[PDB]
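Spelled out from the first residue to the last, the chains are:
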Amino acid sequence: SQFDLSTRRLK
Amino acid sequence: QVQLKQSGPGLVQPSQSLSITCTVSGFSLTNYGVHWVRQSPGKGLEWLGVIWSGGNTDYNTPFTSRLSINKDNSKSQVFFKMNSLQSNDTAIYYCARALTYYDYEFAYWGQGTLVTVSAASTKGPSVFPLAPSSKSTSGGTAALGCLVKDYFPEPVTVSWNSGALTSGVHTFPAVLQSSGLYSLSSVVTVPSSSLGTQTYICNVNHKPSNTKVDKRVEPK
Amino acid sequence: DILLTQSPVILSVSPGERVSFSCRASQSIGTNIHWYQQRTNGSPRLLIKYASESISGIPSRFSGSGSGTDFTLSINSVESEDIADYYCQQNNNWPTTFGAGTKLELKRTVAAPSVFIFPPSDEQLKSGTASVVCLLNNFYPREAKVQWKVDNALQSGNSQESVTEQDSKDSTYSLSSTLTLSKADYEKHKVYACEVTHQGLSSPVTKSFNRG
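Residues numbered from 1 in each chain as written, not as in the entry; some residues may be left out. Chains lettered and ligands numbered in written order. Heavy atoms only, no water. Residues with missing side-chain atoms left out of burial classes, pairs and counts.

This paragraph deals with the sheet that holds strand β19 (residues 201-206) of chain B. All names here are of chain B. Strand order in the open sheet formed by three strands is β15-β19-β20, and the pairing between neighbours is antiparallel. With one partner strand each, in any of the chains shown, β15 (157-160) and β20 (211-216) form the two edges of the open sheet. Averaged over all neighbouring strand pairs, the angle between strand axes comes to 15 degrees, with direction disregarded. Bridge count between β19 and β20: six bridges; the pairing is antiparallel. Along β20, the bridge assignment pairs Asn205 with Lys212. (Pairing = 2+ DSSP bridges. Helix = DSSP H or I, 4+ residues; strand = E, 2+ residues; numbered from the N terminus. Axes fitted to C-alpha atoms, helices over the stretch in contact; angles between N-to-C directions.)

The structure is reproduced here in structure tokens:
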């Protein structure tokens, strides 16, 4: 579970 | 309607301080507390603290010494400030309001503010057209877009025809180039028969550098 | 602090199916748990409060249950706009803490990409850099191969890919492959080809152009 700052979605 | 509207995204140098303004409407800061939450890649959603109707503050333990929250009731503004940022304080910061004055179920959120902690400089993007041709036209459908290149930091917003064009739009997630600068494309598919009649414009806005470009995209 | 564990990390289901998210707590928290939805580029949206109580404006297909340490958020019939991440929050103990989230992906029928290629603009060339963009539009599933060739020479390491999140209306992905070279290198070659491989294609699709 890594949160992506660009999309605001989990990877 | 209840709304929380935050100040814009930006760069912060390491060791320096972060400031965010949260302006509310549709309720009064004398009736409701306003909470601060962030969301980072490493630690996920993380409650930071709250300022209560009466001016009292609580800070989550690891932030007690580097966090201050303040407000101006009359102006409907809540002010967030955090000291001595390091790169892992890079996150989206949100302000939020609960259902009831004393609680923690967050029914209203600001739009979030992406804060980047880097030693680099802010750089606005160049915007280039991705022109529709026959090599981008199949069965009456043409594809066209904008290349949004060499900016820092995230984010940048892209819309089309001032918001009037939304269907068929894909704005790709930014990628980091070897230069340490971001690049993305935004595309849209349209009827090819409309290329002679309609104008197509990507509206690009890079808030951290205050760079606003409208790019017209024409068949070549 | 209370640790909240959400499992599994990723769920994948078909439209119309029922689906459950699990949230487990490191010690008992009664029913003091709230659930949130996060869509692409969005802020959290409150779905359920206190384990099971409904929220105004939230579709009836969302419900939750549980007490103590084991909690469940359910969607009785999943729709495409339910593509999102889902988080739990406890507030029985200070400070309030969140789980790490579960991702909800949607299955759909196979859809081949539509492929387009875009030569660099003369505007970009002026700056001394050439970007060649190859677009793969509205496909499923996400797996795809892009092979770049310039004058029959395989390009390697000089392109980057970006893939959108799943489209909330039709469940597809779109992909961009960008080949980047110096203006000098660009001017020294003629044929630029983007070759696409996907489960929905019965044959690799090539889109190309000659400079000028």
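To continue, consider the domain arrangement of chain C. Residues and elements named next belong to chain C. Split by domain assignment, chain C resolves into domain 1 (1-108) and domain 2 (109-212). Relative placement of domain 1 and domain 2: their C-alpha centres are 38 Å apart. Between domain 1 and domain 2, the residue contacts involve nine residues of the former and 12 residues of the latter. Residue composition of the side of domain 1 that touches domain 2, grouped by class: two nonpolar, two polar and five charged. (Domains from an automatic or database assignment. Contact = heavy atoms within 4.5 Å. Nonpolar A, V, L, I, M, F, W, Y, C, P; charged D, E, K, R; others polar.)

A separate point is the domain arrangement of chain B. All names here are of chain B. Under the domain assignment, chain B is made up of domain 1 (2-118) and domain 2 (122-219). Here domain 1 and domain 2 have C-alpha centroids that lie 32 Å from each other. If you look at the interface, domain 1 gives six residues, while domain 2 gives seven residues. Summing the contributions of domain 1 and of domain 2, the shared interface buries around 510 Å²; its carbon and sulfur component is 80%. The largest share of the area that domain 1 buries against domain 2 comes from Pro9, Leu11 and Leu114, three residues that together contribute 70% of it. For the interface between domain 1 and domain 2, the tally reads zero salt bridges. The interface formed by domain 1 and domain 2 includes zero residue pairs in polar contact. (Buried area = accessible area lost by both parts, 1.4 Å probe. Salt bridge = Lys/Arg side-chain N within 4 Å of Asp/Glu carboxyl O. Polar contact = N/O pair within 3.5 Å; in protein donor to acceptor, adjacent residues only side chain to side chain.)

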